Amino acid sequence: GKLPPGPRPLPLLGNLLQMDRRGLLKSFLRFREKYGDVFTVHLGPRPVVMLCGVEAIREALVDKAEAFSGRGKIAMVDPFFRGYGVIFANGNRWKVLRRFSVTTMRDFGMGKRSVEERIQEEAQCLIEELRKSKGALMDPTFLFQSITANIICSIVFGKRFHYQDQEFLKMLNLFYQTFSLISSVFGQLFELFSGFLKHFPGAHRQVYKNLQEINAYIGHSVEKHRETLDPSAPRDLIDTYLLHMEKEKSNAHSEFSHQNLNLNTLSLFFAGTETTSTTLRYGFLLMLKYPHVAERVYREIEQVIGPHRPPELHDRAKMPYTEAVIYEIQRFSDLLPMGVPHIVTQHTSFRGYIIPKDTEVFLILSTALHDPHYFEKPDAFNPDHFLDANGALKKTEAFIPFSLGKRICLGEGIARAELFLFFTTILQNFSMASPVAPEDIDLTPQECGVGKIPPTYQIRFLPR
């Protein structure tokens, strides 16, 4: 009849005074102790429903996809995206952009590389770069971003950028800084009080700026493509979209607009780069802390692939330990602890509550990934979380780091291919070292908000 229960709010402040200063997720986890898996928190001016645990999350997104499939705003980036592009769209725009993006992130031109071949080539460029690093220390972020960006770059722009390209790296810096700022304490506070805080200086302005700087490139690239576009031979995702645009041009309301083109593209890049990159960063920090796991992966690589032949997607089936380690990396690293906000699209009953149209809903994917019934000792990194007693791969319906239902990560397929190929191709050719002994490696995230972001760290890649 009413909203889910939760702490009693104040006017203006919502439940500010009941929050935990360590952040939104920690706040919410404390509410769950008291209220259970379904509860309401007033984030500044508004109510927001939190759903926790895999059962409630799956009930909402899968059993009730007709109601829970809308997209809410992320206050730090809404003034940039404004409902354009597939991540932040709703209604028919979302339908159109989703169908477009899924198709063009899957099917490429006449005789163009598969996703797998694109990742395999990128991985060879990476291991050549690592060989040329001569075991030097580095923070591998730029490379992890490079390789993931370059996959999307091959689909969207028909090209890759060289790791030495300073303009490429500049754009990668902006993706890195932006995700951090968004995930910062200010960005979490901004989610509560954007109506107030937006009038002052702050990191919201820096994020807007960063995003515009990236978007400027995309605009320009769109202009260049429009200038050389061959309708008989589209080169890439941009041409394909330009084609649709030309086809629907007599419709003033076509969703194939220039703003959707720029911001959809930016969306794909942001989500395509920074997610997988961050996962690899955590992944290798975890390998430094648990060298026995990496040695064990290497054994499996040796025994299944050998030292020479490039890993291929077919290899997954035979490498349960390695797939387990990647599952566990993704589980532990908990990229988007609160997922991406949704919003009910119609009045919905949910577990005897009534959640009205337009209410924001956070699916707290972190609660599924740390569910102690599915994962013994969920706070620890342990690949056996994903193996049975025989050492066979043990998948579980709790593993929902890409979410579920209509808005499920559209890049799931690509990200899993990337994680598998990049991870195994690196481990096949290199072992890792660093100046920090494993016992001293601190896994505490540098930021934990919309994104969980690992600390910076130095690493060496030692040729085998």
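Only the largest set of C-alpha atoms that superpose within 1.5 Å between the two forms is called the rigid core. The numbering used is simple: start at 1 and walk along the sequence shown.
Of 78 to 86 and 118 to 126, the stretch whose C-alpha atoms sit farther from the shown form in 6 other deposited structures of this protein, after fitting on the rigid core, is 78 to 86. Of the two stretches examined, 98 to 106 and 349 to 357, the one with higher mean CA deviation in 6 other deposited structures of this protein after a rigid core fit is 98 to 106. Of the other structures of this protein that model both sides of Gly111, a third or more give it no coordinates. Looking at mean Cα B-factors across 62 to 70 and 427 to 435, the upper value is held by 62 to 70. Of the two segments examined, 84 to 92 and 306 to 314, it is 306 to 314 that shows the higher average Cα temperature factor in the deposited entry. Per the deposited coordinates, the residue with the largest Cα temperature factor out of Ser267, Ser146, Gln206, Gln188 is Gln206.
Taking the PDB entry at face value, the top CA B factor among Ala136, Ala324, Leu263, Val115 belongs to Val115. When the modelled residues of the chain are ordered by C-alpha B-factor, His253 sits in the middle third.
Sort the modelled residues of the chain by CA B factor and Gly53 lands in the middle third. Annotation for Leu17: CA B-factor lies in the highest third of the chain's modelled residues. In the PDB entry, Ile127 places in the middle third of its chain by CA B-factor. Split the chain's modelled residues into thirds by C-alpha temperature factor. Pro455 is in the lowest one.
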